[PDB]
Each structure stands twice: as structure tokens, then as C-alpha cells.
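All remarks here apply to the structure that follows.
Start at 1 and go down the list; that is how both ligands and their atoms are numbered. All residue numbers in this chain count up from 1 along the given sequence. Note that these values count all heavy atoms, side chains included, but never hydrogens, waters or copies made by symmetry.
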Amino acid sequence: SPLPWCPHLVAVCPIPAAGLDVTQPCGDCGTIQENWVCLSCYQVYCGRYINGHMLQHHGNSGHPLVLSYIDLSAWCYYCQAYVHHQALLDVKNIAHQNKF
Ligand SMILES: COc1nc2ccccc2nc1CCC(=O)O
Ligand SMILES: [Zn+2]
Ligand SMILES: [Zn+2]
Ligand SMILES: [Zn+2]
């Protein structure tokens with residue numbers, strides 16, 4: 001199971017009123033594959049198995065927590081773990097409505 005809390009949930013920012021687009025491509029390479037959205041600034045970048053742009057974004061922003069547009073899991077780069085908590089329910093559900 002994921003961690004039930006982490007000390008970076010404080011950095012999760014309010015969801016844009018535009019909502020989320022789970023088909024949004026990577027902001028850097030344009031791939032449609034394995035994208036994640038950053039839960040601090042809501043930019044979308046690809047996962048480590050494509051071109052690793054979300055990991056790069058973490059490195060040059062320090063933003064902690066990212067949501068997968070594949071399965072709606074949330075990863076913390078600092079804790080190196082999946083996290084789930086009530087603070088993540090609204091953004092997961094917006095993503096779920098857009099995806100399914
Ligand atoms: C299981 O998810 C990850 N494990 C990682 C391990 C080491 C380094 C980065 C990692 N990033 C993710 C998920 C987000 C991503 O793919 O960028
Ligand atoms: Zn990319
Ligand atoms: Zn960010
Ligand atoms: Zn964390």
C-alpha cells in the first residue's frame with residue numbers, strides 16, 4: 001500500500017479551475033506516454049521510462065509530489081514512495097472523471 005501521509009503534502013497546491021487533462025502531452029518532448037502532472041504547479045511531464053522529464057522537473061523546481069495519468073497514483077520524489085491521503089482525493093477524483 002502507499003504511505004498514508006508524507007511531510008511534503010503541504011506543497012500540494014489547489015487544483016486549477018480548468019481541471020486536468022489526462023491526455024495532455026509532456027511539456028518538454030511532447031510524448032503522449034506515461035505522463036505525470038505536478039501537484040505543486042500543474043505542469044505535465046513524462047515518466048522515467050520515457051524521457052524522464054518529470055524527474056528533471058523535480059530536480060530544477062524541488063516540487064515533491066506528482067500524479068500519474070496512467071493509474072492515478074501519487075509519487076513523492078523526496079520520500080521515494082507512493083503516498084495517499086485525503087488531501088489527494090479531490091485531484092485524483094478530477095483526474096478520474098477526466099480519464100474515465
Ligand atoms: C515508482 O515511481 C518512481 N520511481 C522512481 C525511482 C527513482 C527515480 C524516479 C522515480 N520516479 C517514479 C515515478 C515518477 C517518474 O517516473 O518520474
Ligand atoms: Zn518528456
Ligand atoms: Zn512542479
Ligand atoms: Zn514526501
Any protein heavy atom < 4.0 Å from atom 7 (C) of ligand 1 | no

Residue-ligand contact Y82/ligand 1, heavy atom below 4.0 Å = yes

Taking the side chain as every heavy atom from C-beta outward, state whether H84 and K92 have any atom pair closer than 4.5 Å.
-> yes

Rounded to 10°, the SG/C38 to the Zn ion (ligand 3) to NE2/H57 angle comes out at 120°

When you measure from the side chain of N98 to the backbone N and O of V22, does any donor-acceptor pair fall under 3.5 Å?
-> yes

Atom 10 (C) of ligand 1: nearest protein contact (heavy atom, Å) = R48 CD, 3.5 Å

Does the side chain of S73 come within less than 4.5 Å of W36's, by heavy atoms?
-> yes

State, with a plain yes or no, whether a side-chain heavy atom of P64 is found less than 4.5 Å away from one of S40.
-> yes

Which of the ligand 1 atoms, numbered from 1, are nearer than 4.0 Å to a heavy atom of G47 = 16 (O)

Please confirm whether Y49 comes under 4.0 Å of ligand 1, counting heavy atoms of the residue only.
-> no

Compute the centroid of each ring, for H58 and then for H63, and state whether the two points are separated by less than 6.0 Å.
-> no

Step through the shown structure and confirm whether more than 12 heavy atoms of other residues, nucleotides or ligands are within 6.0 Å of CD1 on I32.
-> no

Tell me which N, O or S atom of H63 sits nearest to the Zn ion (ligand 3).
-> ND1

With heavy atoms of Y77 as the reference, note each atom of ligand 1 found under 4.0 Å away.
-> 11 (N), 14 (C), 15 (C), 17 (O)

Specify which N/O/S atom of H53 comes nearest to the Zn ion (ligand 2), by atom name.
-> ND1

Note the single closest protein heavy atom to atom 4 (N) of ligand 1, along with its residue, its atom name and the distance in Å.
-> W75 CZ2, 3.3 Å

Say whether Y78 and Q80, considering side chains only, have a donor N or O and an acceptor N or O under 3.5 Å apart.
-> no

Is the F100 ring parallel, tilted or perpendicular to the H96 ring (thresholds 30°, 60°)?
-> tilted

Please work out the angle at the Zn ion (ligand 2) defined by atom SG of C46 on one side and atom SG of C26 on the other, rounded to 10°.
-> 110°

